[PDB]
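Enquirer: For reference, the structure I am asking about is given below.
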Amino acid sequence: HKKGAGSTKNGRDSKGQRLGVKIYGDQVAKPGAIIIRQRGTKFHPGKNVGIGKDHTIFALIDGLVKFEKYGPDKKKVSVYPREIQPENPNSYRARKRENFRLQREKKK
Amino acid sequence: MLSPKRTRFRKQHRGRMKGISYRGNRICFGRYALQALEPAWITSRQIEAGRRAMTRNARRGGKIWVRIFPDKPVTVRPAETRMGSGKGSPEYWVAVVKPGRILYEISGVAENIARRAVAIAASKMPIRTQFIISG
Amino acid sequence: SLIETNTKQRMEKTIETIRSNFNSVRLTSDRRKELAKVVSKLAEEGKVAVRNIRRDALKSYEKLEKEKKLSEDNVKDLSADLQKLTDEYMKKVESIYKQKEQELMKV
Amino acid sequence: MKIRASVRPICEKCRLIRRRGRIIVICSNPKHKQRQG
RNA sequence: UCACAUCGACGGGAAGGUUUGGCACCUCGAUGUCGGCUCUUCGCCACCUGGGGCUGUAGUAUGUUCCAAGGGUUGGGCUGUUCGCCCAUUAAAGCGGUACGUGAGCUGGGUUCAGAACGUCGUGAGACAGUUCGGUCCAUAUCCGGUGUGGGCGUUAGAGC
RNA sequence: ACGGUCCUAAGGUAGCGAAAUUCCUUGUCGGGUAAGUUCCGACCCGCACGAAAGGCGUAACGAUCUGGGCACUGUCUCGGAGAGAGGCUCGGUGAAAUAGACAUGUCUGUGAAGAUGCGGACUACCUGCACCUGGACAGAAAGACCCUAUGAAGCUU
RNA sequence: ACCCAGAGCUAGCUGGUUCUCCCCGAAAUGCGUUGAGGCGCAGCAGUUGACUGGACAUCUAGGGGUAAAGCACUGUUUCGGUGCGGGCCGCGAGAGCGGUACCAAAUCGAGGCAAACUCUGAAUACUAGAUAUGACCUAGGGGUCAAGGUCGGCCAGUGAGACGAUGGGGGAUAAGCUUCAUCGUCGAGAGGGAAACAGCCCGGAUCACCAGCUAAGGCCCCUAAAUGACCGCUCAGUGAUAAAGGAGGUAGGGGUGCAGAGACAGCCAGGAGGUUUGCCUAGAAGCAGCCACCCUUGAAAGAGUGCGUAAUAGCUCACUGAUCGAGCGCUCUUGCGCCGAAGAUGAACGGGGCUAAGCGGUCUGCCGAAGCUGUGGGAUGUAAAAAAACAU
């Protein structure tokens, strides 16, 4: 009734190395910000963009990230600064942060 | 015993049997056919035993075809043994059949006799099958 | 675990030896008691010849325990399986014995 | 008589009838006489 | 001759919780482990005894299976043994649950202490559901529960039959 | 019985052998009994006897182990009767372990999965005394088994 | 050995740790550990400072390879057609070769499968950016409140989790089993529904009222509310408990075959000569197995669906006349029932009981919680203090 249990020859792994897209498409970046840790060139380097020893793709300039279409079934990544970025005190966020600030000041 | 010939990997998961079988609905060879309703894990012993019993009632002529081939393995662990310590060896191979799938096809006998035959072949199997004429 | 084959197929040869013994030994009702003297010994040497196989097997597995290929978990498994197998083919010895013992009265 | 869970006609002169929730096959034969199920 | 008197291959589907397991949920400020004695009771999946259908039922004697659990289901040899085999019987020598019923009822042969030995494993101390001989079984019944047996009161005025 | 070949320091001589050693196993054969998993003699497949951790025999001796017989009987079939010491009643003296509180039924269901206490039923005036032990997971000893503690202690190389 | 002393030895171990009210309120996870029932740091509490704006809601943009699907790749696979190459036989016995009851590469056509396959590719989720004024005052002014994070100081517990839904793994797609991922409840949560019943459903207990409305669930009696309504269904005590299979039980729907030039079921009728048929000559003779499955005589008949024979013989059923005179025969589909359905102290739907007081569908009343409403009282916080609210 009490038979022996056979050992395995498995049970080894490496904890997920945390690759993938760090800075997404149409998003803020920096000079030096790592955009993608990819194991090979899944995405390819575009304009304004360095490519490192590990095929790590990082931005050289400010601006928003762009994942372009390369030609025959591949992907690029370029970075573009943005011209004018308007802010209106009309809006809800602007209204509410000024309301909050004014409450803070009013209390103390 | 319709066993697969040297597959990729030894042991594999159970998954499950959602959905209706869409593809194996059509009939190719036969004019009459046995079709499944409830999903099940059909061993090769059940297939072979259905094929034999259906063949016995062909008699004078008319050809029979099988349209389900097991592929998936199943392991029972070493009998009377505690939990854990790896998987077991695969005992038998099974066909994952879903609802509305062809199991056996037959042509070239009188509709009298085919229907009689598939009753036996239904009786050998673990599921509520049904008779279907189309081709 | 290549002992299984060696221990296994020799039982067939043992059965064949028993059958060869039964081939040679083929009178009044008191004289059919005298054939039970020689017929018994065939069965006895059959049973001894079954036993000696399992003796060889367990003698191998003792060494396989000391040499440290297996351990005390696997020796119980193999002991169980060969306990089953050796007493499985002893029922064949008993059955073929009954084959010959029922022929003295009937045929 | 038989007491099967399945009660089918065996003789071609066999019947089926219900007396007190049963299903009884009555033939002209004695051997095809069966009850239940 | 004939699947369906009687068996039923390859296969399929159930219930039961008596076996061997899996789990580790109550109990480690203790719920005594086997077998025997004593004394129960209950279940039916019926060993015999009552009443049936079918029979490859001439009768006798069966085989099979339906109803039925009221009653019954011996005495020894061997083994600690339950189990088992055997002798002499017999209508028959049913199978299970109840903490594998019952140790604040009994027993202590088996198995879980210390001694000692054989085989074996161990360089050694020691070890081995391997074997052998020897080895302390508590209790004045509070309550429930039971078998008996009183007393009070009740039964509408009180009594004896 | 007879040879071939390998390894090893060397491959068990005499004797004994299913034994206090034997797993398989109630080995098989014969004796003993109506029937004998124990017993006696023989076989040898000695799992894993073996020559001073002696080998094998041996008259005697044993609150030694283990089989069989005669005599003997309540050991038993299968109980029965009687005598004392208690038990029982009366008077005198007068403990104990135990004890959350106790107004402390049975059935089945439920629940930390085995309920006097929770649900539904059933049963049941209140209260002594004699007897009986099935339950209160009754009492007794912070399990002696099992495992844990970077606990303790003996003993070994 | 004992006795005294070091010595209140140490014990990551067990037990125990005493007055009251108010406010907030966890965790049972990750990481490391001679560590696994301990500890450290993170995560999640409290408390007190600093920095700002989010939160919930809707709408865009991003990269995903999962469910799905698919067979172009990687494997796997069945059948057919083309068929290199292979199996076996035949020759004027060393040059030479031809047959071929045959297994089959590679492509083509049809047809499947795949956690570790993808020419494809959802929903969610994740990241980012955008847009919207939550409750109380005469479309704003000025008001009152509630409403989330980041950083740091001081100072905790936790680090045994459990069940349920889903996605999976292990197991036997067994377990009140085990291990992860996302969410609910318990844990730490009373109350009502579930007979009793942590974990299911409803709902979050500041306190008082012999007021009211409702949620979940219910309205024969035990026991609050309809022995309410209208239309269907069951005949089983189903309504409490399980399958394969069995079936003129009963109700409805559609489709399908014949039928007062008369069907169905009963009812005397007919149901033939070569057919001893060729066949393995022992016989298969309408009926072991073979094929052929004639055509005549005809109101009709198959060289035969079954019984009966060594094979014949014989008995039927197909069909058709005749008698007869109205709806009947064979499938499909459901709805609600029956059998299949047997265990140990005693009935077990909660009980009584019910033919509805059960099931289905619809319509309206009512009951029903500590939920919400009303009426009063307390304490917090919004500042400091009182009134006044808003929230708690």
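Here, A, B, ... name the chains of the structure tokens in the order displayed, residue numbers run from 1 inside each chain, and ligands are numbered from 1 in the same displayed order.
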Near chain E, which residues of chain B fall within 9 Å when you count only C-alpha atoms (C1' of nucleotides), and what do they look like as an MDAnalysis selection string?
Expert: chainID B and resid 45:46 48:50 52:53 79:83 123:127
Enquirer: For range 82-93 of chain C, list every protein, DNA or RNA residue within 10 Å, evaluated using only C-alpha atoms (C1' of nucleotides), and leave out those in the same chain fewer than 5 positions away; present the list as a count of residues only.
Expert: 24
Enquirer: Would you kindly return, as number ranges by chain, each protein, DNA or RNA residue with an atom no farther than 9 Å from any atom of residue 15 in chain E, considering only C-alpha atoms (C1' of nucleotides) and excluding same-chain residues fewer than 4 positions away?
Expert: G: 242, 341-342
Enquirer: Within 8 Å of chain F, which residues of chain C show up when using only C-alpha atoms (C1' of nucleotides), listed as an NGL selection string?
Expert: :C and (44 or 48-49 or 51-52 or 55 or 59)
Enquirer: Using only C-alpha atoms (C1' of nucleotides), which protein or nucleic acid residues come within 12 Å of residue 133 in chain E? Drop anything in the same chain fewer than 4 positions from it, and give the result as a PyMOL selection string.
Expert: (chain E and resi 115-118) or (chain F and resi 20+64-66)
Enquirer: Which of these residues is nearest to residue 90 in chain B, using only C-alpha atoms: B:106, B:12, B:73, B:59?
Expert: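 Ranking B:106, B:12, B:73, B:59 by distance to residue 90 in chain B, first place goes to B:73.
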Enquirer: Per residue of chain D within 9 Å of range 39-59 of chain E, which atom pair is closest and at what distance in Å (one decimal), using only C-alpha atoms (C1' of nucleotides), listed by chain and increasing number, as CSV?
Expert:
residue,atom,partner,partner_atom,distance
D:1,CA,E:54,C1',5.1
D:2,CA,E:54,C1',7.9
D:30,CA,E:54,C1',7.2
D:31,CA,E:54,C1',6.5
D:33,CA,E:54,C1',8.5
Enquirer: List every residue of chain A that DSSP, applied to the backbone of this structure, places in helix (DSSP H, G or I), and write the result as a PyMOL selection string.
Expert: chain A and resi 92-107
Enquirer: Put those residues in a file: N, CA, C and O atoms, as a short mmCIF file (atom, residue, chain, number, x, y, z; two decimals), in the first residue's frame.
Expert:
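Result saved to selection32.cif:
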data_model
loop_
_atom_site.label_atom_id
_atom_site.label_comp_id
_atom_site.auth_asym_id
_atom_site.auth_seq_id
_atom_site.Cartn_x
_atom_site.Cartn_y
_atom_site.Cartn_z
N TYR A 92 -11.60 71.77 -16.41
CA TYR A 92 -12.01 71.23 -15.12
C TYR A 92 -10.82 71.04 -14.20
O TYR A 92 -10.95 71.26 -13.02
N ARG A 93 -9.71 70.57 -14.75
CA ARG A 93 -8.50 70.37 -13.96
C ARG A 93 -7.97 71.70 -13.43
O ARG A 93 -7.55 71.78 -12.28
N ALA A 94 -7.96 72.69 -14.32
CA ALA A 94 -7.46 74.02 -13.98
C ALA A 94 -8.34 74.68 -12.93
O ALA A 94 -7.82 75.25 -11.96
N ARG A 95 -9.65 74.58 -13.12
CA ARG A 95 -10.65 75.07 -12.18
C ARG A 95 -10.42 74.45 -10.80
O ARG A 95 -10.41 75.17 -9.78
N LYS A 96 -10.18 73.14 -10.76
CA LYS A 96 -10.18 72.42 -9.51
C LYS A 96 -8.88 72.58 -8.74
O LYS A 96 -8.92 72.58 -7.52
N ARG A 97 -7.75 72.69 -9.42
CA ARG A 97 -6.50 72.93 -8.73
C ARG A 97 -6.40 74.34 -8.15
O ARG A 97 -5.80 74.53 -7.09
N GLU A 98 -7.01 75.31 -8.84
CA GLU A 98 -7.10 76.67 -8.31
C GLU A 98 -8.09 76.73 -7.16
O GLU A 98 -7.83 77.45 -6.19
N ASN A 99 -9.19 75.99 -7.25
CA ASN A 99 -10.16 75.91 -6.16
C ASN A 99 -9.52 75.32 -4.91
O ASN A 99 -9.66 75.86 -3.80
N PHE A 100 -8.78 74.23 -5.11
CA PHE A 100 -8.06 73.55 -4.03
C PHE A 100 -7.02 74.47 -3.38
O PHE A 100 -6.98 74.58 -2.15
N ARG A 101 -6.22 75.12 -4.23
CA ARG A 101 -5.20 76.04 -3.75
C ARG A 101 -5.82 77.17 -2.92
O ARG A 101 -5.31 77.51 -1.85
N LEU A 102 -6.91 77.73 -3.43
CA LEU A 102 -7.61 78.80 -2.76
C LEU A 102 -8.21 78.35 -1.44
O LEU A 102 -8.25 79.15 -0.51
N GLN A 103 -8.67 77.11 -1.36
CA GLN A 103 -9.14 76.54 -0.10
C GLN A 103 -8.01 76.40 0.91
O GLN A 103 -8.17 76.80 2.06
N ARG A 104 -6.86 75.92 0.42
CA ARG A 104 -5.66 75.76 1.23
C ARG A 104 -5.24 77.10 1.85
O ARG A 104 -4.96 77.21 3.05
N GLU A 105 -5.22 78.13 1.00
CA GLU A 105 -4.85 79.47 1.40
C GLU A 105 -5.88 80.09 2.33
O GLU A 105 -5.51 80.82 3.23
N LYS A 106 -7.15 79.79 2.10
CA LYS A 106 -8.25 80.31 2.88
C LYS A 106 -8.21 79.77 4.31
O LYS A 106 -8.39 80.52 5.27
N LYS A 107 -7.97 78.46 4.42
CA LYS A 107 -7.90 77.81 5.73
C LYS A 107 -6.75 78.36 6.58
O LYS A 107 -6.95 78.71 7.75
#
Enquirer: Do you know which residues are at most 8 Å from residue 64 in chain B counting only C-alpha atoms (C1' of nucleotides), after dropping those on the same chain fewer than 4 positions away, and could you put them as a ChimeraX atom specification?
Expert: /B:30,55,104-107
Enquirer: Nearest residue to chain B out of C:74, C:20, C:28, C:6, using only C-alpha atoms?
Expert: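 Closest to chain B, using only C-alpha atoms: C:74.
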Enquirer: Quick one: pull the distance between CA of residue 67 in chain C and CA of residue 10 in chain C, Å, one decimal.
Expert: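 Distance reported for this atom pair: 25.1 Å.
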Enquirer: Any chance you could tabulate, as a Markdown table, the residues of chain G at most 8 Å from chain A with each one's nearest atom pair and distance in Å to one decimal, using only C-alpha atoms (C1' of nucleotides), in chain and rising number order?
Expert:
| residue | atom | partner | partner_atom | distance |
| --- | --- | --- | --- | --- |
| G:53 | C1' | A:97 | CA | 6.1 |
| G:61 | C1' | A:26 | CA | 6.6 |
| G:62 | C1' | A:25 | CA | 4.4 |
| G:63 | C1' | A:24 | CA | 6.7 |
| G:127 | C1' | A:24 | CA | 6.7 |
| G:128 | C1' | A:27 | CA | 6.3 |
| G:131 | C1' | A:92 | CA | 7.9 |
| G:132 | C1' | A:92 | CA | 7.1 |
Enquirer: Taking the chain letters and numbering used in this document, name the residues of chain B that DSSP puts in strand (DSSP E or B), as a PyMOL selection string.
Expert: chain B and resi 32-36+40-43+63-66+72-75+90-97+102-107+129-133
Enquirer: For the residues in that selection, give me N, CA and C atoms as an mmCIF file, in the first residue's frame.
Expert:
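Below is the file that was written, out_25.cif:
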data_model
loop_
_atom_site.group_PDB
_atom_site.id
_atom_site.type_symbol
_atom_site.label_atom_id
_atom_site.label_comp_id
_atom_site.auth_asym_id
_atom_site.auth_seq_id
_atom_site.Cartn_x
_atom_site.Cartn_y
_atom_site.Cartn_z
ATOM 1 N N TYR B 32 -24.171 7.411 -44.473
ATOM 2 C CA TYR B 32 -24.661 7.427 -43.085
ATOM 3 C C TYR B 32 -23.478 7.608 -42.124
ATOM 4 N N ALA B 33 -23.738 8.203 -40.958
ATOM 5 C CA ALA B 33 -22.685 8.489 -39.978
ATOM 6 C C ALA B 33 -23.207 8.619 -38.554
ATOM 7 N N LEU B 34 -22.346 8.254 -37.603
ATOM 8 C CA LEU B 34 -22.618 8.413 -36.177
ATOM 9 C C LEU B 34 -22.012 9.726 -35.702
ATOM 10 N N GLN B 35 -22.831 10.564 -35.060
ATOM 11 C CA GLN B 35 -22.388 11.883 -34.594
ATOM 12 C C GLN B 35 -22.633 12.082 -33.101
ATOM 13 N N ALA B 36 -21.682 12.744 -32.437
ATOM 14 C CA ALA B 36 -21.730 12.945 -30.985
ATOM 15 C C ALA B 36 -22.531 14.174 -30.571
ATOM 16 N N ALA B 40 -16.611 14.300 -24.498
ATOM 17 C CA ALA B 40 -15.973 13.223 -23.738
ATOM 18 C C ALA B 40 -14.548 12.965 -24.158
ATOM 19 N N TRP B 41 -13.889 12.175 -23.327
ATOM 20 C CA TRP B 41 -12.543 11.712 -23.561
ATOM 21 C C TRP B 41 -12.619 10.258 -23.975
ATOM 22 N N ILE B 42 -12.507 10.025 -25.275
ATOM 23 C CA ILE B 42 -12.755 8.716 -25.851
ATOM 24 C C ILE B 42 -11.431 7.993 -26.063
ATOM 25 N N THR B 43 -11.188 6.925 -25.296
ATOM 26 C CA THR B 43 -9.950 6.127 -25.425
ATOM 27 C C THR B 43 -9.899 5.374 -26.748
ATOM 28 N N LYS B 63 -18.513 -0.089 -46.882
ATOM 29 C CA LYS B 63 -17.249 0.259 -46.252
ATOM 30 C C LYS B 63 -17.457 1.234 -45.098
ATOM 31 N N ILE B 64 -16.631 1.084 -44.056
ATOM 32 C CA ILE B 64 -16.693 1.897 -42.831
ATOM 33 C C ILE B 64 -15.428 2.743 -42.691
ATOM 34 N N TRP B 65 -15.600 3.973 -42.207
ATOM 35 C CA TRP B 65 -14.490 4.890 -41.949
ATOM 36 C C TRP B 65 -14.574 5.446 -40.541
ATOM 37 N N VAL B 66 -13.401 5.641 -39.943
ATOM 38 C CA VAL B 66 -13.250 6.340 -38.677
ATOM 39 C C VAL B 66 -12.782 7.761 -39.009
ATOM 40 N N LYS B 72 -4.032 12.937 -27.878
ATOM 41 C CA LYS B 72 -3.788 13.407 -26.514
ATOM 42 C C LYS B 72 -3.479 12.224 -25.592
ATOM 43 N N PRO B 73 -2.433 12.338 -24.754
ATOM 44 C CA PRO B 73 -2.154 11.340 -23.728
ATOM 45 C C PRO B 73 -2.820 11.658 -22.391
ATOM 46 N N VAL B 74 -2.887 10.643 -21.531
ATOM 47 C CA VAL B 74 -3.358 10.781 -20.150
ATOM 48 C C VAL B 74 -2.523 9.879 -19.252
ATOM 49 N N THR B 75 -2.065 10.442 -18.137
ATOM 50 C CA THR B 75 -1.218 9.725 -17.189
ATOM 51 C C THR B 75 -1.994 9.445 -15.915
ATOM 52 N N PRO B 90 2.244 8.037 -19.298
ATOM 53 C CA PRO B 90 0.930 7.985 -19.957
ATOM 54 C C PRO B 90 0.421 6.552 -20.097
ATOM 55 N N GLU B 91 -0.799 6.290 -19.629
ATOM 56 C CA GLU B 91 -1.392 4.958 -19.770
ATOM 57 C C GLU B 91 -1.970 4.815 -21.155
ATOM 58 N N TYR B 92 -2.966 5.642 -21.441
ATOM 59 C CA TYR B 92 -3.750 5.506 -22.654
ATOM 60 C C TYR B 92 -3.947 6.851 -23.336
ATOM 61 N N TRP B 93 -4.314 6.791 -24.612
ATOM 62 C CA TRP B 93 -4.466 7.962 -25.467
ATOM 63 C C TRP B 93 -5.939 8.192 -25.738
ATOM 64 N N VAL B 94 -6.338 9.456 -25.847
ATOM 65 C CA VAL B 94 -7.750 9.810 -25.934
ATOM 66 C C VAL B 94 -8.042 10.852 -26.995
ATOM 67 N N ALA B 95 -9.224 10.744 -27.606
ATOM 68 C CA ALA B 95 -9.741 11.764 -28.526
ATOM 69 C C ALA B 95 -10.661 12.721 -27.774
ATOM 70 N N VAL B 96 -10.295 13.999 -27.767
ATOM 71 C CA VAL B 96 -11.165 15.032 -27.225
ATOM 72 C C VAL B 96 -12.217 15.224 -28.300
ATOM 73 N N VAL B 97 -13.435 14.814 -27.987
ATOM 74 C CA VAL B 97 -14.563 15.011 -28.868
ATOM 75 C C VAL B 97 -15.448 16.042 -28.197
ATOM 76 N N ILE B 102 -18.526 14.194 -36.041
ATOM 77 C CA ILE B 102 -18.595 12.871 -36.670
ATOM 78 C C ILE B 102 -17.627 11.901 -35.984
ATOM 79 N N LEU B 103 -18.104 10.691 -35.672
ATOM 80 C CA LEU B 103 -17.249 9.634 -35.096
ATOM 81 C C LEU B 103 -16.957 8.530 -36.109
ATOM 82 N N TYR B 104 -18.018 7.960 -36.675
ATOM 83 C CA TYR B 104 -17.909 6.906 -37.672
ATOM 84 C C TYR B 104 -18.725 7.263 -38.891
ATOM 85 N N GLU B 105 -18.172 6.957 -40.063
ATOM 86 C CA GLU B 105 -18.892 7.061 -41.327
ATOM 87 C C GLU B 105 -19.062 5.681 -41.933
ATOM 88 N N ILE B 106 -20.126 5.528 -42.717
ATOM 89 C CA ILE B 106 -20.384 4.287 -43.433
ATOM 90 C C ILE B 106 -21.166 4.538 -44.731
ATOM 91 N N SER B 107 -20.805 3.788 -45.775
ATOM 92 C CA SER B 107 -21.508 3.809 -47.065
ATOM 93 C C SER B 107 -21.652 2.389 -47.610
ATOM 94 N N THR B 129 -24.724 9.365 -28.524
ATOM 95 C CA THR B 129 -24.512 9.596 -29.948
ATOM 96 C C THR B 129 -25.864 9.694 -30.675
ATOM 97 N N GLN B 130 -25.820 9.977 -31.976
ATOM 98 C CA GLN B 130 -27.020 9.976 -32.820
ATOM 99 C C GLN B 130 -26.672 9.674 -34.273
ATOM 100 N N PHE B 131 -27.664 9.168 -35.002
ATOM 101 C CA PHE B 131 -27.510 8.759 -36.400
ATOM 102 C C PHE B 131 -27.784 9.953 -37.304
ATOM 103 N N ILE B 132 -26.939 10.148 -38.322
ATOM 104 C CA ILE B 132 -27.119 11.256 -39.274
ATOM 105 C C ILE B 132 -26.884 10.809 -40.729
ATOM 106 N N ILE B 133 -27.896 11.042 -41.576
ATOM 107 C CA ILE B 133 -27.857 10.770 -43.023
ATOM 108 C C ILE B 133 -27.798 12.108 -43.758
#
Enquirer: When you get a sec, could you note down which chain C residues fall within 12 Å of chain E, using only C-alpha atoms (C1' of nucleotides), as a list in words?
Expert: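 That gives the following set of residues: residues 62, 65 and 66 of chain C.
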Enquirer: Taking only C-alpha atoms (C1' of nucleotides) into account, find every residue of chain B that has an atom no more than 9 Å from chain G, and write it out as a ChimeraX atom specification.
Expert: /B:4-9,12-16,23-24,28-29,65-72,76-77,83-84,86-87,126-127
Enquirer: Would you mind exporting N, CA, C and O atoms of the selected residues as a tab-separated table (two decimals), in the first residue's frame?
Expert:
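So result_29.tsv came out as:
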chain	number	residue	atom	x	y	z
B	4	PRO	N	-0.87	7.10	-31.38
B	4	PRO	CA	-0.01	8.02	-32.16
B	4	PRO	C	1.45	7.56	-32.27
B	4	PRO	O	1.94	6.85	-31.40
B	5	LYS	N	2.11	8.00	-33.34
B	5	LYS	CA	3.49	7.61	-33.62
B	5	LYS	C	4.46	8.74	-33.26
B	5	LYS	O	4.46	9.79	-33.90
B	6	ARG	N	5.29	8.49	-32.24
B	6	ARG	CA	6.31	9.42	-31.71
B	6	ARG	C	5.99	10.92	-31.83
B	6	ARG	O	6.50	11.62	-32.70
B	7	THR	N	5.13	11.40	-30.93
B	7	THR	CA	4.76	12.82	-30.89
B	7	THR	C	5.87	13.67	-30.26
B	7	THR	O	6.83	13.15	-29.68
B	8	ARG	N	5.71	14.98	-30.40
B	8	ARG	CA	6.65	16.00	-29.89
B	8	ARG	C	7.12	15.75	-28.44
B	8	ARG	O	8.32	15.59	-28.19
B	9	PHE	N	6.15	15.70	-27.53
B	9	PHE	CA	6.37	15.72	-26.09
B	9	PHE	C	5.61	14.57	-25.45
B	9	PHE	O	4.57	14.16	-25.97
B	12	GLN	N	1.09	15.75	-21.24
B	12	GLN	CA	0.50	17.08	-21.40
B	12	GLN	C	-0.84	17.31	-20.70
B	12	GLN	O	-1.50	16.38	-20.24
B	13	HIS	N	-1.21	18.59	-20.65
B	13	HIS	CA	-2.25	19.10	-19.76
B	13	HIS	C	-3.62	18.56	-20.14
B	13	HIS	O	-3.78	17.93	-21.19
B	14	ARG	N	-4.60	18.82	-19.28
B	14	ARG	CA	-5.98	18.36	-19.49
B	14	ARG	C	-6.81	19.36	-20.27
B	14	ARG	O	-7.65	18.97	-21.09
B	15	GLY	N	-6.58	20.66	-20.04
B	15	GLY	CA	-7.35	21.72	-20.69
B	15	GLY	C	-8.80	21.57	-20.30
B	15	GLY	O	-9.10	21.20	-19.16
B	16	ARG	N	-9.70	21.83	-21.24
B	16	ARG	CA	-11.08	21.35	-21.13
B	16	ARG	C	-11.81	21.37	-22.47
B	16	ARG	O	-11.23	21.75	-23.49
B	23	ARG	N	-15.72	21.91	-37.08
B	23	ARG	CA	-15.11	21.38	-38.30
B	23	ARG	C	-15.54	19.96	-38.66
B	23	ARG	O	-16.05	19.73	-39.77
B	24	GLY	N	-15.39	19.01	-37.74
B	24	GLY	CA	-15.76	17.61	-38.02
B	24	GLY	C	-17.25	17.33	-38.07
B	24	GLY	O	-17.68	16.22	-37.78
B	28	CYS	N	-17.66	13.16	-45.45
B	28	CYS	CA	-16.86	13.06	-46.67
B	28	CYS	C	-17.13	11.79	-47.45
B	28	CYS	O	-17.54	11.84	-48.62
B	29	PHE	N	-16.92	10.66	-46.80
B	29	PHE	CA	-16.85	9.36	-47.46
B	29	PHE	C	-18.20	8.66	-47.43
B	29	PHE	O	-18.75	8.30	-48.47
B	65	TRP	N	-15.60	3.97	-42.21
B	65	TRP	CA	-14.49	4.89	-41.95
B	65	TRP	C	-14.57	5.45	-40.54
B	65	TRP	O	-15.67	5.70	-40.02
B	66	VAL	N	-13.40	5.64	-39.94
B	66	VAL	CA	-13.25	6.34	-38.68
B	66	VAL	C	-12.78	7.76	-39.01
B	66	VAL	O	-12.03	7.96	-39.97
B	67	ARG	N	-13.25	8.74	-38.24
B	67	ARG	CA	-12.88	10.16	-38.42
B	67	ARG	C	-12.36	10.85	-37.15
B	67	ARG	O	-12.19	12.07	-37.13
B	68	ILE	N	-12.08	10.06	-36.11
B	68	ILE	CA	-11.54	10.57	-34.84
B	68	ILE	C	-10.30	9.74	-34.47
B	68	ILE	O	-10.34	8.50	-34.48
B	69	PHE	N	-9.21	10.43	-34.18
B	69	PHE	CA	-7.94	9.80	-33.87
B	69	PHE	C	-7.38	10.43	-32.60
B	69	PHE	O	-7.24	11.65	-32.56
B	70	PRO	N	-7.05	9.61	-31.57
B	70	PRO	CA	-6.83	10.14	-30.21
B	70	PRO	C	-5.82	11.30	-30.05
B	70	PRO	O	-6.25	12.43	-29.80
B	71	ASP	N	-4.52	11.05	-30.19
B	71	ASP	CA	-3.44	12.07	-30.11
B	71	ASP	C	-3.05	12.51	-28.68
B	71	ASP	O	-1.87	12.47	-28.32
B	72	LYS	N	-4.03	12.94	-27.88
B	72	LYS	CA	-3.79	13.41	-26.51
B	72	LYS	C	-3.48	12.22	-25.59
B	72	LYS	O	-4.17	11.21	-25.65
B	76	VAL	N	-1.96	8.19	-15.47
B	76	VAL	CA	-2.42	7.82	-14.14
B	76	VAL	C	-1.13	7.61	-13.38
B	76	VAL	O	-0.21	6.96	-13.89
B	77	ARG	N	-1.03	8.16	-12.17
B	77	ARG	CA	0.19	8.04	-11.35
B	77	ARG	C	0.34	6.59	-10.84
B	77	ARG	O	-0.64	5.84	-10.82
B	83	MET	N	0.30	12.12	-2.87
B	83	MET	CA	0.29	13.23	-3.83
B	83	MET	C	1.68	13.80	-4.04
B	83	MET	O	2.57	13.64	-3.21
B	84	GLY	N	1.85	14.49	-5.17
B	84	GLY	CA	3.11	15.14	-5.51
B	84	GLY	C	4.13	14.21	-6.16
B	84	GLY	O	3.79	13.12	-6.63
B	86	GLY	N	6.22	14.70	-9.02
B	86	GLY	CA	6.12	14.59	-10.47
B	86	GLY	C	4.83	14.03	-11.02
B	86	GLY	O	3.88	13.75	-10.27
B	87	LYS	N	4.81	13.86	-12.33
B	87	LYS	CA	3.68	13.28	-13.05
B	87	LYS	C	3.91	11.75	-13.11
B	87	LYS	O	4.91	11.26	-12.60
B	126	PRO	N	-19.04	5.76	-24.67
B	126	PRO	CA	-19.47	6.35	-23.40
B	126	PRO	C	-20.47	7.52	-23.47
B	126	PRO	O	-20.85	8.03	-22.42
B	127	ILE	N	-20.90	7.92	-24.67
B	127	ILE	CA	-21.67	9.16	-24.85
B	127	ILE	C	-22.94	8.95	-25.64
B	127	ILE	O	-23.08	7.98	-26.38
Enquirer: Taking only C-alpha atoms (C1' of nucleotides) into account, find every residue of chain G that has an atom no more than 8 Å from chain D, and write it out as a PDB file with C-alpha atoms (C1' of nucleotides), in the first residue's frame.
Expert:
ATOM      1  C1'   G G 245     -30.882   2.207 -20.887  1.00  0.00           C
ATOM      2  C1'   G G 246     -36.223   0.814 -20.936  1.00  0.00           C
ATOM      3  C1'   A G 247     -41.213   2.510 -22.672  1.00  0.00           C
ATOM      4  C1'   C G 338     -43.138   6.081 -14.520  1.00  0.00           C
ATOM      5  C1'   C G 339     -39.294   2.052 -14.113  1.00  0.00           C
ATOM      6  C1'   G G 340     -34.049   1.799 -13.695  1.00  0.00           C
TER       7        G G 340
END
